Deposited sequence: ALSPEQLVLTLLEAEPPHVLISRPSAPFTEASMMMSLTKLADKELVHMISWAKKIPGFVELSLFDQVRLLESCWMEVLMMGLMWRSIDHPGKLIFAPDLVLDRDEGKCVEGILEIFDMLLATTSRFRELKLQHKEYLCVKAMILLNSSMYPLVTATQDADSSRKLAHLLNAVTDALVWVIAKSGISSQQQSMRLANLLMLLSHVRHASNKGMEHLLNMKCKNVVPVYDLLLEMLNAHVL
């Protein structure tokens, strides 16, 4: 077993890489922006699985539980990563080092602007809360472990409580009062509902783009998109 700080350090060293994606030479259209975002999401999915496999005890879960968790979480984790990358650039969404989308740029894709304003809104809240790096690591691991409600069951609840105690430990290290610690903890996990909402809306939006044949989902992204 691991200590709360050891779990945090383990999460740190498991951090997935920043997938590089460049803007097309031609100005953005609906078909090409959806192409860029899905290509980015399809590449990030690969690194996410290796990230989840490095969370302590995750591979001890049954294969059914590992699969079910990643299907439910993948859009949330990806959205939470995009938001951490964008936390210091208000008005911009840092999808990739060379793919910085200004808010008004989403007008070319049908209906993506609402999800852009959602992602930016929650990012600004994480910004005003001054989300620390170690808190972001716990929050991301909590997103995966808290995604679906349904021996491997006992390990899952132990897994969620360990990350939660790690987050409580990280907040306790900050030195603020015990009442400020409870308030900070509450303010952080209240945004989990906003992230799940952005995930639900983005999930529905991408399913329409795939249904209208606007974007071609391929391999990993296609496998997850089913359901």
task = Mind pulling out the bits of the deposited sequence that never got modelled, as residue ranges from 1?
result = 151-159, 237-239
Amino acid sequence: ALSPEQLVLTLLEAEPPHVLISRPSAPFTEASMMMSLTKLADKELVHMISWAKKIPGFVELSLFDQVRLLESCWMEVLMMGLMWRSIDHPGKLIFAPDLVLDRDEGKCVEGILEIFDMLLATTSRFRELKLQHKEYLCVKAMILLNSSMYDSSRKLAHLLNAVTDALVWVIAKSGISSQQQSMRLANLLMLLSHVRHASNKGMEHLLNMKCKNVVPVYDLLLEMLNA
From here on, numbers count along this sequence of modelled residues.
101-109 set against 125-133, stretch whose average Cα temperature factor tops the other in the entry = 101-109
request  = Averaging only over Cα atoms, indicate whether 55-63 or 36-44 has the higher B-factor in the PDB entry.
outcome  = 55-63
message = Highest recorded C-alpha temperature factor, please, choosing from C211, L11, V19, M203.
response = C211
Relative C-alpha B-factor of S72, binned into the chain's lowest, middle or highest third = middle
task = Can you work out whether the C-alpha temperature factor of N187 puts it in the lowest, middle or highest third of the chain?
result = middle
ask   = Among the chain's modelled residues, which third holds the C-alpha B-factor of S174?
value = highest
remark   = In terms of its chain's C-alpha B-factors, the third that includes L167 is the lowest
request  = Compare the C-alpha B factor of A198 with those of the other modelled residues in its chain, then answer lowest, middle or highest third.
outcome  = middle
